[PDB]
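Here the structure comes first, spelled out in structure tokens, and everything after it is commentary.
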Amino acid sequence: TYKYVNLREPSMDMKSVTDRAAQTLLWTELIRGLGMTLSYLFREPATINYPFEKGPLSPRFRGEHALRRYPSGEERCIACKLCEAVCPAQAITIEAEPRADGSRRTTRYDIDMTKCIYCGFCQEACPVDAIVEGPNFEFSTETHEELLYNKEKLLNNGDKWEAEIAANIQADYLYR
Amino acid sequence: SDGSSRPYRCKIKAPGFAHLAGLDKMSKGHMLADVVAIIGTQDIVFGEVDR
Amino acid sequence: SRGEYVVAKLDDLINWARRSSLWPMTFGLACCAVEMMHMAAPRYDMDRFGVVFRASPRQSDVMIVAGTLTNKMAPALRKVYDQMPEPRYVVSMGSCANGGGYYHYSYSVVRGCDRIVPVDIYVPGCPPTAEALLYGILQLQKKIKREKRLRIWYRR
Amino acid sequence: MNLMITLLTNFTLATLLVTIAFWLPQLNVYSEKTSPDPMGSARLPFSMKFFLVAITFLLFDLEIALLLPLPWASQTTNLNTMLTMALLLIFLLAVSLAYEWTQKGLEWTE
Amino acid sequence: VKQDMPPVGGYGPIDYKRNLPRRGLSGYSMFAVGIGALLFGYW
Amino acid sequence: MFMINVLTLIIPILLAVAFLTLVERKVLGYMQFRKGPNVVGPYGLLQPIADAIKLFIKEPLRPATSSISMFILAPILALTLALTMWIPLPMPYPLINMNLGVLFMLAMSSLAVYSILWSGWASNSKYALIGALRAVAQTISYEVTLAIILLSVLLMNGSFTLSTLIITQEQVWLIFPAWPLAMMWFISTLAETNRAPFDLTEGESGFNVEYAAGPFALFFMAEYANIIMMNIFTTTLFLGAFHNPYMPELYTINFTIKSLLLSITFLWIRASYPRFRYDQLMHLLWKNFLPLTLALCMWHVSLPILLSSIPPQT
Ligand SMILES: CCCCCCCCCCCCCCCCCC(=O)OC[C@H](COP(=O)([O-])OCC[N+](C)(C)C)OC(=O)CCCCCCCCCCCCCCCCC
Ligand SMILES: CCCCCCCCCCCCCCCCCC(=O)OC[C@H](COP(=O)(O)OCCN)OC(=O)CCCCCCCCCCCCCCCCC
Ligand SMILES: CCCCCCCCCCCCCCCCCC(=O)OC[C@H](COP(=O)(O)OCCN)OC(=O)CCCCCCCCCCCCCCCCC
Ligand SMILES: CCCCCCCCCCCCCCCCCC(=O)OC[C@H](COP(=O)(O)OCCN)OC(=O)CCCCCCCCCCCCCCCCC
Ligand SMILES: CCCCCCCCCCC1=C(C)C(=O)C(OC)=C(OC)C1=O
Ligand code: SF4
Ligand code: SF4
Ligand code: SF4
């Protein structure tokens, strides 16, 4: 149930005493450390060649946000405001009105990528799989204002990354 | 909790708080390098300390 | 003419020298500093790009703000930024340094490190992966490459 | 003759490198900086330990200056006298070290 | 049903104890080696 | 004609220093399960050039120095004393053949601490001055054991001449009769050039915190030249090579290989162990190295008399 780390008494016979004194005078454990670091020199390093080689990822990965569409061109978001209600950082702003054919669609859908904590609550609170967190992560910008996405930017991200987002959703949707 | 869906109070007790409090007693009669070793031997993450 | 060609080649030389020896200093504030340490790990190897590990503040080129900048920490950040020799660059890592992030509406958190220092590269994430910070560093190198200091000096 | 030529060459190469290292960013017109140690204006505290180790080094250096001509002195005919004097000098070195050791001279910088 | 499960026989052995090889000669042997090197050099 | 010899001595020193920076970065990387620089050039062969140009176009610090005279003079002394400790080195023929080259080297090494002292005093920071004083004390305290070890080793040589040191080891290496002196000499030279595990100024202010990036690079280059020089001196002292008087290239290649291996051992040492405390290294010197150095000095005075093996004076 417990064990005694560092409760080993040293032996006081001449063999142990001479072993300890030879270890003191000739620096045995220093040679041990040197030799093992030398052994670690002759191994193949674990370095991958970025950007030509990428680290492994999973279909559950949470990167850049995107707005999806039905397989007929119609967008999936129906302005239910669950994603902005569940957002722990209040990064989502939604404004809605009935459009020309009477459908319930958003007129404003902003996500602040500097407020968002990339927690994935919005993509799991969506009843229609409209908002997703895509697999893209290399989207660093040179300006603060480029990280304030409107509806058009998110729709463009969805149209850009649909061919990967749909495959990731197909791979993962049976675990939800 | 007061019965609603949001907590009324949430105090977080972290061990780094007490260890950094005891750092004064730890580092008495030691050197500067012993001070940095004493800081190291307490697992101190200041996210849990300052909260 | 000849002078424009000379200043163009000299500009390419100095930009290659500056962008291929970026010595960073890192503000170890919060989670994003642990992810910076993970980019300095053997897998991603910040050193192989000419980007050393934990250089001194008095000789660094790029300053990385990885974590939350509180009200008690902001004057120290400005004091460290002011002592850096030029050319100096600032990379903002994670949402806390980008715009405040989770603690944006807090009473003791500065809403973005761009309210204190000028920022060149914004790395989004919470935390952004080591891949993402490496991408931000390489994008900073691309930004340094297309500088035109000597051409601007010649034209003025 | 050649030695002082080499000395002058090393000195002028070092001063050339230092001049280029100083005055080349002086030709840049970067900016003007205002800039308004952990101790702010504290006086340097006088420590007896650093002075003690400095004086101990100086005295041991003097006895080293005494010990230096041993390779030349080993060629003498009077080998017993030279051996006795050499052993006596190094024994005096050891005795001074032991007196510093026992009276807590090497304390907190051991 | 299909789930992420351990096998029927479980997994193989996994070590958790300290492993230090205790290699090299004894104190007497290394002292003898050093003294022999000194004697060869002096000769 | 002699200036050609001087130039071909001093320019490859700077080239070897820059490629020592590259080699140390790459070797530490491969010893820490990663890679060194391999992007700037083919296997990082262009890294020192880029780093040097970047450091020579960096903004200066422009400090409020108490004395601009010694602020100038400290890198002057550091570089001059780094370059002037190569001229009596036999390769296998020294550039300046000195009758007392060993003691000339000891004098220059003892004179080398004024750069630390003046760099510490020129900076207005008092903590920088305290760090400089501690570094100076460590440096002189290891000068003591350097002098005793060199004196005791030279009793098998017979003179202070560096060229005779090849002749002495014509039969066997000098590490065979003086290996405890070799170990203590290696550790003392490791602590002499302020290298790990004795580089206290990098552990918790350096003596040159207020120095500009250019002069800091000059100081660091002087330190690396000191490292290469000390390793070559150690190779000459304890690992002497076979010198054919008709083919000097044999000796040149042999001691070049041995000194490169010793410098790689320096870099191997610097990435294996934690740093010492100040009092711990003072304890290691004044209470461990010094008594054994004195005992071995008495042993190596009294030994060639009792063996009828006094080396010739000339
Ligand atoms: C140039 C050639 C290569 C040289 C070696 C290079 C590779 C090895 C590198 C090793 C690691 C280096 C980094 C760490 C350096 C700092 C640590 C260090 O060196 O500490 C030294 C340590 C320090 O000792 P310490 O601190 O452990 O001692 C304990 C002291 N108290 C208890 C007070 C705390 O050891 C020494 O100083 C010993 C020096 C060498 C002794 C040689 C003795 C020779 C044999 C004599 C005879 C013995 C038999 C008995 C008498 C018989 C008579 C007939
Ligand atoms: C004692 C020995 C000491 C040795 C020290 C040096 C060791 C390393 C030696 C060099 C190793 C290889 C370096 C190769 C550099 C890159 C060369 C190259 O191809 O550059 C291409 C680049 C862009 O070319 P561009 O025309 O734009 O391409 C479009 C065409 N598809 O074009 C450019 O960037 C412009 C041209 C650059 C040419 C660079 C050539 C190498 C420079 C090396 C400097 C040091 C040389 C040795 C000095 C000491 C010995 C004399
Ligand atoms: C009057 C006319 C002359 C005027 C003055 C100019 C003198 C010559 C200056 C150097 C040549 C000018 C061009 C400089 C490079 C421009 C082209 C360039 O950007 O090439 C990029 C290429 C590497 O591409 P990169 O973007 O790094 O990609 C990473 C891999 N994915 O880069 C490469 O392949 C390597 C580039 C090497 C550049 C040349 C070698 C370094 C400089 C040597 C001379 C100066 C220093 C001498 C030594 C000083 C002491 C250290
Ligand atoms: C802040 C100021 C500037 C600081 C930086 C520059 C100065 C410090 C760094 C350089 C130090 C140089 C030291 C020069 C003396 C070293 C001893 C010496 O010369 O030894 C060599 C040799 C004696 O050996 P030996 O073999 O016996 O002579 C030939 C016998 N057949 O002796 C000879 O061969 C003698 C040759 C003739 C005499 C030469 C005299 C040289 C000039 C005087 C000293 C110059 C330095 C002055 C400043 C010192 C430091 C402040
Ligand atoms: C004549 C001038 C030659 C060039 C100057 C010396 C070589 C450049 C050293 C630069 C450098 C490198 C590469 C370097 O890697 C390093 O990190 C340990 C430094 O110290 C912080 C350096 O100063
Ligand atoms: S991932 Fe989380 S923090 Fe980000 S927008 Fe979605 S719910 Fe908000
Ligand atoms: S949860 Fe889905 S459907 Fe509801 S408002 Fe958000 S994105 Fe639209
Ligand atoms: S952005 Fe996220 S990961 Fe980074 S410091 Fe803030 S809370 Fe931590």
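Chain labels A, B, ... are given in the sequence in which chains occur in the structure tokens; within each chain residues are numbered consecutively from 1, and ligands are likewise numbered from 1 in the order shown.
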Using only C-alpha atoms, find which residues of chain C lie within 6 Å of chain F and jot them down as an mmCIF file with N, CA, C and O atoms, in the first residue's frame.
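selection-v3.cif, freshly written:
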```
data_model
loop_
_atom_site.group_PDB
_atom_site.id
_atom_site.type_symbol
_atom_site.label_atom_id
_atom_site.label_comp_id
_atom_site.auth_asym_id
_atom_site.auth_seq_id
_atom_site.Cartn_x
_atom_site.Cartn_y
_atom_site.Cartn_z
ATOM 1 N N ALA C 17 19.376 37.604 -44.071
ATOM 2 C CA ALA C 17 20.083 37.492 -42.801
ATOM 3 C C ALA C 17 19.142 37.666 -41.618
ATOM 4 O O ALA C 17 19.256 36.945 -40.622
ATOM 5 N N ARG C 18 18.205 38.611 -41.707
ATOM 6 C CA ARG C 18 17.318 38.874 -40.580
ATOM 7 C C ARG C 18 16.268 37.781 -40.420
ATOM 8 O O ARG C 18 15.956 37.379 -39.295
ATOM 9 N N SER C 21 17.602 34.129 -38.920
ATOM 10 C CA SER C 21 18.230 34.064 -37.609
ATOM 11 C C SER C 21 17.349 34.734 -36.565
ATOM 12 O O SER C 21 17.825 35.516 -35.738
ATOM 13 N N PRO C 42 11.401 17.987 -29.718
ATOM 14 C CA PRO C 42 12.064 17.375 -30.883
ATOM 15 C C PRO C 42 11.206 17.215 -32.126
ATOM 16 O O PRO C 42 11.765 17.198 -33.227
ATOM 17 N N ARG C 48 15.865 24.240 -35.785
ATOM 18 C CA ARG C 48 16.347 23.907 -37.120
ATOM 19 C C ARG C 48 16.035 24.988 -38.144
ATOM 20 O O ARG C 48 16.630 24.985 -39.225
ATOM 21 N N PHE C 49 15.139 25.916 -37.830
ATOM 22 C CA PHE C 49 14.843 27.040 -38.701
ATOM 23 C C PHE C 49 15.743 28.236 -38.432
ATOM 24 O O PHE C 49 15.523 29.302 -39.011
ATOM 25 N N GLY C 50 16.747 28.083 -37.573
ATOM 26 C CA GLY C 50 17.534 29.208 -37.123
ATOM 27 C C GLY C 50 16.914 29.978 -35.986
ATOM 28 O O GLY C 50 17.397 31.065 -35.653
ATOM 29 N N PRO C 85 16.198 45.786 -28.879
ATOM 30 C CA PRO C 85 16.797 46.533 -29.987
ATOM 31 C C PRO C 85 16.034 46.305 -31.279
ATOM 32 O O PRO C 85 15.471 45.234 -31.514
ATOM 33 N N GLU C 86 16.022 47.328 -32.125
ATOM 34 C CA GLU C 86 15.398 47.192 -33.430
ATOM 35 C C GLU C 86 16.313 46.408 -34.373
ATOM 36 O O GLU C 86 17.532 46.418 -34.207
#
```
| field | Contacts with ligand 1 at most 9 Å, only C-alpha atoms and all ligand atoms counted, listed as a PyMOL selection string | value | (chain A and resi 22-31+33-34) or (chain E and resi 31+34-35) or (chain F and resi 175+179-188+190-191+196-198+231+234-235+238-239+262+265-266+269-270+272-273+276+280-281+283-285+287-290+292-293+296)
Chain A residues near ligand 6 within 9 Å, closest pair each, using only C-alpha atoms and all ligand atoms, as a Markdown table:
```
| residue | atom | partner | partner_atom_place_in_ligand_line | distance |
| --- | --- | --- | --- | --- |
| A:62 | CA | ligand 6 | 1 (S) | 7.7 |
| A:63 | CA | ligand 6 | 1 (S) | 8.7 |
| A:65 | CA | ligand 6 | 5 (S) | 7.8 |
| A:83 | CA | ligand 6 | 7 (S) | 6.1 |
| A:84 | CA | ligand 6 | 8 (Fe) | 7.0 |
| A:85 | CA | ligand 6 | 7 (S) | 8.4 |
| A:86 | CA | ligand 6 | 7 (S) | 5.9 |
| A:87 | CA | ligand 6 | 7 (S) | 3.7 |
| A:88 | CA | ligand 6 | 3 (S) | 5.5 |
| A:89 | CA | ligand 6 | 3 (S) | 5.1 |
| A:90 | CA | ligand 6 | 8 (Fe) | 6.3 |
| A:91 | CA | ligand 6 | 8 (Fe) | 5.4 |
| A:92 | CA | ligand 6 | 5 (S) | 6.0 |
| A:111 | CA | ligand 6 | 5 (S) | 6.3 |
| A:112 | CA | ligand 6 | 5 (S) | 7.5 |
| A:113 | CA | ligand 6 | 4 (Fe) | 7.5 |
| A:115 | CA | ligand 6 | 3 (S) | 7.1 |
| A:116 | CA | ligand 6 | 4 (Fe) | 3.9 |
| A:117 | CA | ligand 6 | 3 (S) | 4.2 |
| A:118 | CA | ligand 6 | 1 (S) | 3.7 |
| A:119 | CA | ligand 6 | 2 (Fe) | 3.9 |
| A:120 | CA | ligand 6 | 1 (S) | 3.8 |
| A:121 | CA | ligand 6 | 7 (S) | 4.2 |
| A:122 | CA | ligand 6 | 7 (S) | 4.1 |
| A:123 | CA | ligand 6 | 6 (Fe) | 6.7 |
| A:124 | CA | ligand 6 | 7 (S) | 8.7 |
| A:125 | CA | ligand 6 | 7 (S) | 8.4 |
| A:131 | CA | ligand 6 | 6 (Fe) | 8.6 |
| A:132 | CA | ligand 6 | 6 (Fe) | 8.5 |
| A:133 | CA | ligand 6 | 1 (S) | 7.2 |
```
| Could you state the separation of atom CA of residue 4 of chain F and atom 49 (C, counted along the ligand's line) of ligand 2 in Å, given to one decimal place? | 17.0 Å
| Per DSSP on the backbone, what are the strand (DSSP E or B) residues of segment 7-164 of chain A, as a ChimeraX atom specification? | /A:65-67,69,75,92-98,104-112,131-133,141,148-149
